[PDB]
Every structure is written in structure tokens, then in C-alpha cells.
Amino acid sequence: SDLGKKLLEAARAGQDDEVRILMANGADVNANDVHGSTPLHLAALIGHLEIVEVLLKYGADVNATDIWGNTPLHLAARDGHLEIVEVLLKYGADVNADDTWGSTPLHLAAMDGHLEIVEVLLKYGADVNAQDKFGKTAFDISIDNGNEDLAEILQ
């Protein structure tokens, strides 16, 4: 919207107090920009856990997708934000959501070398046999990157 634009900006800027103010004054929790990015995408992106929680409490869609196929879990997994991965999963994030290239959060987390995030994704039923559109599983990726520790838990 308008109140929605303010909210997208405050979320991305990591201004927690502004977000709370906007939310209690009735801002649209599921506002999005032209890319389909929601405030929850943005707070997960920058790793602001308290904001992620506030937004979930006020009815944020945990599975909102941008036009590139990114959910907030994709962005949190890619950027290495473990507690945010945990909370998104607990409150219903689709662990096997595919972006445009067929990448699941497990692929993104494996590509960036984020071991603890991979362990949590697996705990929540991440598919080790899912292929992206270059035909690569997360396991194949970890081998390409020479990462013993990921290869061992992804086999």
C-alpha cells in the first residue's frame, strides 16, 4: 500500500521498534513490493529474529513466494540464519519449496556451506534426492564444493 511500503522499508532496514508501531497501528502484514517480497522475506533476509516473530504473530504468510520462487526460508537458509530457519519451520514453512532453478532451501544452504542449517532442514524432512534443473542434489553440490562434513550427512 502506503502503510505497506513503510513496513517493507522498516523491516529491511532492521528498525524493530518501527515495525511494532506499524503492526499495532494495523499495517498489512502481507504487503509486498513488485518482486513479491513481503516484510517476512526481508526480516528473514537480514536475520532479525524478533521481527520475524512479531510478523508471524500478526498473521504473516510463512510460505509467501517472490517472483523468483524465493520463500523466506530460502533466504534465511541461504544467508545462514539458524534460529530463523528453526522458527519458520516450526510455524509451517515448506521445507521442500523449489525456486525457479529448482533449488530447495537444502540446496542453497549446502551451496553456502551452512552445516547446522542443513542438519535442521533434514530433521524437518528435507529431500536429499531432490534435483535442481542442472540435475544436482544437495549432496552432489557438497561434493562439487569439496565439503566432507556436508557430504557425510547429505549422502
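So that there is no doubt, residue numbering starts at 1 and follows the sequence shown.
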- For the C-alpha atoms alone, is the average B factor greater in 61-69 or in 24-32, going by the entry? 24-32
- Task: Quick one: say whether 145-153 or 2-10 has the higher mean Cα B-factor in the deposited entry.
- Result: 2-10
- Message: Per the entry's Cα B factor values, which of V128, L55, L89, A109 stands out as the maximum?
- Response: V128
- Message: Going by the CA temperature factor in the PDB record, which third of the chain does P105 belong to: lowest, middle or highest?
- Response: lowest
- Message: Could you place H41 in the lowest, middle or highest third of its chain by Cα temperature factor, using the values in the record?
- Response: lowest
